[PDB]
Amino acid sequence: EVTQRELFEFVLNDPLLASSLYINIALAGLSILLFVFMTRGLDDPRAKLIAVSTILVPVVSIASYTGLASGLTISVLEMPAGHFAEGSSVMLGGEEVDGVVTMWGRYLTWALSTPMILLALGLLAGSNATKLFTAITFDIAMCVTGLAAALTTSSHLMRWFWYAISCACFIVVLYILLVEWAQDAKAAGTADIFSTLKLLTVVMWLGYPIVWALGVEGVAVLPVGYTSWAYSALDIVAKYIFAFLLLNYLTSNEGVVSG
């Protein structure tokens, strides 16, 4: 029964964690600023919907990373027998504690920012509501089952079963990104930029389940701090730059996306 203060200090006291969380808190703040600045020239209602859903990305990121930073959304979990990190222990407060410091707050950041990325990207491609619906529902399911995979301590096989369920919902989203919106963007006149934002997205998105698998939640070839910086690095790219790359195209082509 560790304290939130204990986790708040454990992080401050760990090189990798402290930096992995605070550098992204910093970059998220510098994004909300650069983006509110970049998008002042917009006036069309649709261009402005794409702008604000995009801007919400770093808004969700700064708040959710603060949840981790404060120790509010981190837990110490004891992994199941057979799990590569079972047996782990951590110095918290004045004692050794069984378990792995688990920053499950990362799934809350993901559950909140991915539907905004899909909404902005969907509108960019001129998607109809059905595909928008399909993408966002399976995306939320993908994130929430991943979180349940992370939170499952009862059994090792059960964790990988959730992982599989999360993979299946990922495939539906990948199909919409790669086969449906790739085609829809042509009617909307956004094919060029879509292929770029889609290529980045699909590449960075595929990275998450690979890291999960090799990182501490999986077979742990990557320690807690490195599992964290890998996720943090992927976030800076899949999120802030993605938002910069999409917003640098938008505030140059307001007419194409209007209506």
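Counting begins at 1, following the sequence as shown. Heads up, when I say rigid core I mean the largest set of C-alphas that superpose within 1.5 Å between the two forms.
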query	finding
Stretch with greater C-alpha deviation in 8 other deposited structures of this protein, 105-113 versus 172-180 (rigid core superposition)	105-113
Rigid core superposition result in 8 other deposited structures of this protein, more deviant of 127-135, 85-93 by Cα	85-93
Between the two ranges 113-121 and 185-193, the one averaging a larger CA B factor in the entry	185-193
Mean C-alpha temperature factor, higher of 221-229 and 200-208	221-229
Maximum C-alpha temperature factor, selected from 169, 129, 91, 157	91
Residue with maximal Cα B-factor (values as given in the PDB entry) among 62, 36, 68, 50	36
Residue 95 by Cα B-factor - lowest, middle or highest third of the modelled chain	highest
Third of the chain, ranked by Cα B-factor, where residue 105 sits	lowest
Modelled-residue ranking by C-alpha temperature factor, third containing residue 82	middle
Ranked C-alpha temperature factor of residue 56 among modelled chain residues, by third	lowest
